[PDB]
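Presented as structure tokens, the chain that follows is alone, the form deposited in one PDB entry.
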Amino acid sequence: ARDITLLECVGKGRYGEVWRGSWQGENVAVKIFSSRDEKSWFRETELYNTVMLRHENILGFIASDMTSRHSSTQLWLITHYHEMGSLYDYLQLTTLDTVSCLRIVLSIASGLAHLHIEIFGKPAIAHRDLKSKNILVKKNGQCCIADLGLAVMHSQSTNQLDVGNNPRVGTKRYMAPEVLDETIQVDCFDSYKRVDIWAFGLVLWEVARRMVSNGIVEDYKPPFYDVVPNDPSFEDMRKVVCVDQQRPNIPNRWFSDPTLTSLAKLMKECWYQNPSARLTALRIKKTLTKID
């Protein structure tokens, strides 16, 4: 029973479209890629070929298809469906308590450590576009990481399955200093893990703002909302991150709450300009497991 019914469009952008569909009587998400993003479709298909990729905190794969008649081609990715939508969507109007905030951020750390660590199998994987729109919320209050179209793979028993020649990929708002200044070591797998850690810190900040403490919470804002234009360019981001050495501000009310004090310390250890100074995903996961 391979047939799918497309029921409603839940997203449209430069990436193509995502549809809620029905398959074997279950909701599925069907992404139809833009022509512009055909290399992402193939990269994501290469990533999902890994059976040991499967994890509670990684978006689960059902099928990938490239179809053509005559001169046009369609590119399909079919996954499990998360009706709560992205973490970006969820944070807009929901506030969090301590338990819900830690559950979300530990689940993302668990997914990211699963990607980064080689299994002897699954290669080590760096995501390269981590952000709150690429994280889905599950009904159990954990998240899963989505969109492996820019991912890079590495095997310690051999070598490295790397990028296109274009290093200006990833979402500009979440790009690490070394991506924005184009000094990143492109032949070094560890470089790409360190870019993910930078972006994880920004996602931690986005989530923590929405956790209530002492009857106070911040409104949802994207990273660097206060220092860059609404739709920031690559150069806008380079200016604030590389020239101005800006990092997201820690609201002072956080320092009255032990959880938010711990999270502020963790996100600062994701934001060093020196990529090798940043925490590992495993260390973040260990730290969040210990925080109450």
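We call the rigid core the largest set of C-alpha positions that still match within 1.5 Å between the two forms. Numbering starts at 1 and follows the sequence shown. Residues that one form lacks are left out of the comparison.
One more form of this protein should be noted, the form deposited in another entry, which is absent from this view; the next part is about it.
From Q92, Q160, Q142, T171, residue displaced between the shown form and the other one - CA threshold 2 Å or more, rigid core: Per the superposition, the moving residue is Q160.
Core-superposed comparison between the shown form and the other one, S34 Cα displacement 2 Å or beyond: The answer is no; the displacement is under 2 Å.
Cα displacement of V243 between the shown form and the other one reaching 2 Å, rigid core superposed: No, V243 moves less than 2 Å.
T50 C-alpha moves between the shown form and the other one by 2 Å or more, core aligned: It does shift by 2 Å or more.
Outcome for the Cα pair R168, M237 in the other form, compared with this form (closer or farther; change of 3 Å or more): So the answer is farther.
Pairwise C-alpha change, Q185 versus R168, in the other form against this form - closer or farther, 3 angstroms or more: Pair moves farther apart in the other form.
Taking the rigid core as reference, consecutive runs of 3 or more residues that move 2 angstroms or more in Cα between the shown form and the other one: Runs shifting 2 Å or more: 50-52, 66-68, 159-168.
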